[PDB]
Amino acid sequence: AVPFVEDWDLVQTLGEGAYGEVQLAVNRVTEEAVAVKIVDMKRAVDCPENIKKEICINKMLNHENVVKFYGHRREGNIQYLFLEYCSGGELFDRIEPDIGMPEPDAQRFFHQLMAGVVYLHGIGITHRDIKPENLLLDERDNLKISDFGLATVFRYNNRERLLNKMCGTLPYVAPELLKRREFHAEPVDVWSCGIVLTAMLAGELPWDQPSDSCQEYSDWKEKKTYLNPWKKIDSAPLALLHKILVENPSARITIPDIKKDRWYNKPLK
Ligand SMILES: N[C@H](COc1cncc(-c2ccc3c(c2)/C(=C/c2ccc[nH]2)C(=O)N3)c1)Cc1c[nH]c2ccccc12
């Protein structure tokens with residue numbers, strides 16, 4: 001075999017957190033760039049099971065819209081995850097505050113968001129947590145979902161399993177996830193997408209949590225869109241968010257339909 005092909009240099013860190021340390025690894029021969037997550041299984045009850053599922057799931061993914069997987073290699077506590085690098089950073093830094101971005105692009109990024117999700121759900125896999133700082137980019141600004149830590153299989157042998165685990169992100173989390181003891185899983189993800197849109201359409205979140213106890217959120221129901229944060233969102237998409245961000249998860253436009261949307265299939269715009 002070719003010499004020095006297993007050695008990757010550690011240039012800079014891509015992040016930092018309570019998850020671990022995803023460093024940017026570069027080959028030693030080809031200079032092939034890759035990201036490496038350094039999750040640490042500590043003590044005697046916490047990650048050893050949560051990192052296994054992640055590693056266990058990333059072994060199913062295979063789409064140009066999802067953090068490509070390569071492998072891993074356990075070294076006791078220090079675990080290394082080799083996932084497709086991204087020079088296009090996160091979409092999170094592509095959103096201007098109280099502004100957003102060129103509509104013609106949000107429509108774009110949205111599509112890809114649906115492709116990955118479509119994909120996932122296709123094989124019965126919920127991400128249970130979507131958001132800009134997760135939706136990465138590449139050299140061609142091609143959206144690429146990431147972070148399958150809070151992922152879980154909702155469908156196995158054509159037998160959808162309902163959920164109950166309330167793990168996500170309060171603003172981006174669905175509303176029924178904070179109301180019903182049990183609930184489907186596909187929807188929640190779609191709802192989490194709607195935000196992503198307005199997030200790229202308004203350059204600001206809509207609320208803190210989809211609860212009647214939250215000011216604005218209450219108004220979004222009364223259809224109070226007049227000059228509210230949903231003022232920077234033209235009808236075209238806002239009409240889609242009306243259908244998306246719907247109270248009754250048992251009446252929330254799907255993806256096969258999001259696809260059928262009018263703003264969703266509008267040229268350039
Ligand atoms: N590990 C997390 C980051 O979330 C991730 C979890 N799992 C996987 C990834 C991940 C996977 C593949 C990746 C990247 C990131 C990545 C990031 C990147 C940054 C700049 C350019 N590229 C890349 O190019 N390929 C990222 C750090 C964190 C944990 N808790 C936090 C609280 C606040 C801020 C950060 C964190």
# chains A, B, ... in the order shown; residues from 1 in each chain; ligands from 1
call {"tool": "residues_around", "arguments": {"residues": "residue A:114", "least_positions_apart": "5", "cutoff": "9 Å", "atoms": "only C-alpha atoms", "output": "list in words"}}
result
residues 109, 119, 190, 193, 255, 258 and 259 of chain A
call {"tool": "residues_around", "arguments": {"residues": "stretch 197-210 of chain A", "least_positions_apart": "2", "cutoff": "8 Å", "atoms": "only C-alpha atoms", "output": "MDAnalysis selection string"}}
result
chainID A and resid 95:101 103 106 110 170:175 178 193:195 212 214 216:217 229:230 232:233
call {"tool": "residues_near_ligand", "arguments": {"ligand": "ligand 1", "cutoff": "7 Å", "atoms": "only C-alpha atoms and all ligand atoms", "output": "number ranges by chain"}}
result
A: 14-22, 34-35, 37, 67, 83-90, 134, 136, 146-149
call {"tool": "residues_around", "arguments": {"residues": "stretch 182-187 of chain A", "least_positions_apart": "4", "cutoff": "9 Å", "atoms": "only C-alpha atoms", "output": "MDAnalysis selection string"}}
result
chainID A and resid 121 124:126 128 154 160:165 174 176:177 191:192 249:250 252:254
call {"tool": "write_last_selection", "arguments": {"atoms": "N, CA, C and O atoms", "output": "CSV table (one decimal), in the first residue's frame"}}
result
chain,number,residue,atom,x,y,z
A,121,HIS,N,-36.2,10.1,6.5
A,121,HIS,CA,-37.5,9.6,6.6
A,121,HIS,C,-37.7,8.4,5.7
A,121,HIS,O,-38.3,7.4,6.1
A,124,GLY,N,-36.8,5.8,7.4
A,124,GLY,CA,-37.2,5.9,8.8
A,124,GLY,C,-36.2,6.4,9.8
A,124,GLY,O,-36.0,5.7,10.8
A,125,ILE,N,-35.7,7.6,9.6
A,125,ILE,CA,-34.7,8.1,10.5
A,125,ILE,C,-35.0,9.6,10.8
A,125,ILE,O,-34.9,10.4,9.9
A,126,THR,N,-35.3,9.9,12.0
A,126,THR,CA,-35.5,11.3,12.4
A,126,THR,C,-34.2,11.9,13.0
A,126,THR,O,-33.4,11.2,13.6
A,128,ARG,N,-34.5,14.6,14.8
A,128,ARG,CA,-34.9,15.2,16.1
A,128,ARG,C,-34.3,16.5,16.5
A,128,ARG,O,-34.5,17.0,17.6
A,154,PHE,N,-37.4,5.8,13.8
A,154,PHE,CA,-38.8,5.8,14.1
A,154,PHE,C,-39.6,4.7,13.3
A,154,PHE,O,-40.7,4.4,13.7
A,160,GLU,N,-43.9,2.1,12.1
A,160,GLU,CA,-43.6,3.4,12.7
A,160,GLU,C,-43.8,3.2,14.2
A,160,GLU,O,-44.9,2.7,14.7
A,161,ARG,N,-42.8,3.7,15.0
A,161,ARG,CA,-42.9,3.7,16.4
A,161,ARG,C,-43.1,5.2,16.8
A,161,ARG,O,-42.5,6.1,16.1
A,162,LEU,N,-43.9,5.5,17.7
A,162,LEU,CA,-44.1,6.9,18.1
A,162,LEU,C,-43.0,7.3,19.1
A,162,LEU,O,-42.3,6.4,19.6
A,163,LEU,N,-42.9,8.6,19.4
A,163,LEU,CA,-41.9,9.0,20.4
A,163,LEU,C,-42.4,9.6,21.7
A,163,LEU,O,-43.6,9.5,21.9
A,164,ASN,N,-41.5,10.1,22.5
A,164,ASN,CA,-41.8,10.7,23.8
A,164,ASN,C,-40.7,11.5,24.3
A,164,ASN,O,-40.8,12.4,25.0
A,165,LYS,N,-39.4,11.1,23.9
A,165,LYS,CA,-38.2,11.8,24.3
A,165,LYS,C,-38.2,13.2,23.8
A,165,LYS,O,-38.2,13.5,22.6
A,174,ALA,N,-40.9,21.4,17.6
A,174,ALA,CA,-42.3,21.4,17.3
A,174,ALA,C,-43.2,21.8,18.5
A,174,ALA,O,-42.6,21.8,19.6
A,176,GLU,N,-46.3,20.3,19.3
A,176,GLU,CA,-47.0,19.1,19.9
A,176,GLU,C,-46.0,18.4,20.8
A,176,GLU,O,-46.3,17.6,21.7
A,177,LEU,N,-44.7,18.6,20.6
A,177,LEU,CA,-43.6,18.0,21.4
A,177,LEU,C,-43.7,18.5,22.8
A,177,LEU,O,-43.1,17.9,23.7
A,191,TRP,N,-41.7,20.6,10.8
A,191,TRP,CA,-42.0,21.8,11.6
A,191,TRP,C,-40.7,22.5,11.8
A,191,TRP,O,-40.5,23.7,11.6
A,192,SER,N,-39.7,21.7,12.3
A,192,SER,CA,-38.4,22.3,12.6
A,192,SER,C,-37.8,22.9,11.3
A,192,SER,O,-36.9,23.8,11.4
A,249,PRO,N,-50.4,19.0,14.6
A,249,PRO,CA,-49.4,18.2,13.9
A,249,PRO,C,-50.1,17.1,13.0
A,249,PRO,O,-49.5,16.5,12.1
A,250,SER,N,-51.4,16.9,13.3
A,250,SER,CA,-52.2,16.0,12.6
A,250,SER,C,-52.9,16.7,11.4
A,250,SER,O,-53.9,16.2,10.9
A,252,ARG,N,-50.5,19.0,9.3
A,252,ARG,CA,-49.4,19.8,8.9
A,252,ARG,C,-48.8,19.4,7.5
A,252,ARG,O,-48.3,18.2,7.4
A,253,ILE,N,-48.9,20.2,6.5
A,253,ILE,CA,-48.4,19.9,5.2
A,253,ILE,C,-47.1,19.0,5.3
A,253,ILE,O,-46.2,19.3,6.1
A,254,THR,N,-47.1,18.0,4.4
A,254,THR,CA,-46.0,17.1,4.4
A,254,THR,C,-44.9,17.6,3.5
A,254,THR,O,-44.8,18.8,3.2
call {"tool": "residues_around", "arguments": {"residues": "residue A:26", "least_positions_apart": "5", "cutoff": "7 Å", "atoms": "only C-alpha atoms", "output": "count of residues only"}}
result
7
call {"tool": "residues_around", "arguments": {"residues": "residue A:5", "least_positions_apart": "6", "cutoff": "9 Å", "atoms": "only C-alpha atoms", "output": "PyMOL selection string"}}
result
chain A and resi 27-30
